[PDB]
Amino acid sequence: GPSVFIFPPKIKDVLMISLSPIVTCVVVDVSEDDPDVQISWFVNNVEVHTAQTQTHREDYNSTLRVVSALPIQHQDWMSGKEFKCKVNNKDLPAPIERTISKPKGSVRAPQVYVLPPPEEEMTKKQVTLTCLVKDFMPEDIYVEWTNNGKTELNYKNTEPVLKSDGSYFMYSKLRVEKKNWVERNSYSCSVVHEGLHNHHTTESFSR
């Protein structure tokens, strides 16, 4: 039968007031025999009616997928309200319900440092700039590199790793042409996290 998964908003969306956070309910293995899936939504058990719901054909295995995207208030997520989807269909013996909310826990802002290329690497054509983001809680975070404030393309992040002390850390690696590194620049590491002032910080090199 159909099964149901619930997904949180993207951390960047829920921390940036200008963005549009969404909680998503996905119903997989929907059948064309009973395709009229109903998804109802509740915020602390108060029903809301604004979700955008669409059916998609998954040709990988000839199934249907119903995706319901509920737009949410930033503060409702951040204050810990519960978001619940209730899934009804003619082929379900009983409704399926899923709930998600922001976990409780300590907040610790990340320490953000940018590290120059290793000296041994300076004889190469391309060099590596390292953004180190550490000592942060919870693990939800958004990290990017920018050049002149304009988001880069050739950067790669690690996933956050749990430390022994309970905080997390990650790195963002940026490969640049050595010419651009030696010449004066504004390569910067941008970090979006709950613990930061205005949920955002940037870090640049001194020279």
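Residue positions are given as counts along the sequence shown, with the first one as 1.
Judged by mean Cα B factor in the deposited record, 183-191 ranks above the other of 183-191 and 19-27.
Per-stretch averaging of Cα B factors for 116-124 and 97-105 places 116-124 on top.
The top Cα temperature factor in the record, among 72, 133, 92, 85, falls on 92. Take 50, 164, 63, 68 and read off each C-alpha B-factor from the entry; 164 has the highest.
Per-chain ranking of the deposited C-alpha B factor places residue 41 in the lowest third. In this PDB entry, the Cα temperature factor of residue 153 sits in the top third of its chain's modelled residues, the highest group. The entry lists a Cα temperature factor for residue 197 that places it in the highest third of the chain's modelled residues. The deposited CA B-factor of residue 142 belongs to the lowest third of values across its chain. Among the modelled residues of its chain, residue 170 has a C-alpha B-factor that falls in the lowest third, as given in the PDB entry.
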